[PDB]
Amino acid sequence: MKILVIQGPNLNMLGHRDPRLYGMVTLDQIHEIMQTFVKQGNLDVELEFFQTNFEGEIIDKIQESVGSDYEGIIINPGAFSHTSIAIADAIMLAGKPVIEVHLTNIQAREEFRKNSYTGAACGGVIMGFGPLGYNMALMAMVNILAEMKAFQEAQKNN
């Protein structure tokens, strides 16, 4: 149960960014909290982490998810959320749960960040919880999978 955690542009440079918005925490620091959340909870989730500043590297990674290894995706497309129809379209073709996270509340920054093409394509969106939103994402994905697959056995047996 590989979850793929895709992180978009400039997220690797957290802790060189405005700390009023982003606190004083790094991308690596986030990803540990995420394992520490898993390791603790005792979810048989394997997390994989992939950061990139390129739109097409995101689309490729989503597309590569289409084969069996991954059961879901937690993605923060970053600033691309607001422009990238392409990443949205990739999210629409994945055949697996995608949950959108933002550290900041994108309802309360510049007007250009309000709309998320990508988040509209995902099942659900979380925003403004800082690093914590990623664990709430994990919570959700684990829950959703358990529902979907509890549901598949309950129709191949009828």
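Each residue number is its position in the shown sequence, starting from 1. Here the rigid core means the biggest group of C-alpha atoms that line up within 1.5 Å when the two forms are laid on top of each other.
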* To do: Name the stretch that deviates more in 7 other deposited structures of this protein: 117-125, or 65-73? Use RMS CA distance to the shown form, core superposed.
  => 65-73
* Structure fact -> As the entry reports it, the stretch among 104-112 and 34-42 with higher mean C-alpha B factor is 34-42
* Structure fact -> The stretch whose C-alpha atoms carry the larger average B-factor in the entry, 63-71 or 87-95, is 63-71
* Taking the values exactly as deposited, rank residue 142 by C-alpha B-factor within its chain and report the matching third: lowest, middle or highest. => middle
* Asked: residue 120's Cα B-factor: lowest, middle or highest third of the chain?
  -> lowest
* Asked: Lowest, middle or highest third of the chain for the C-alpha temperature factor of residue 11?
  -> lowest
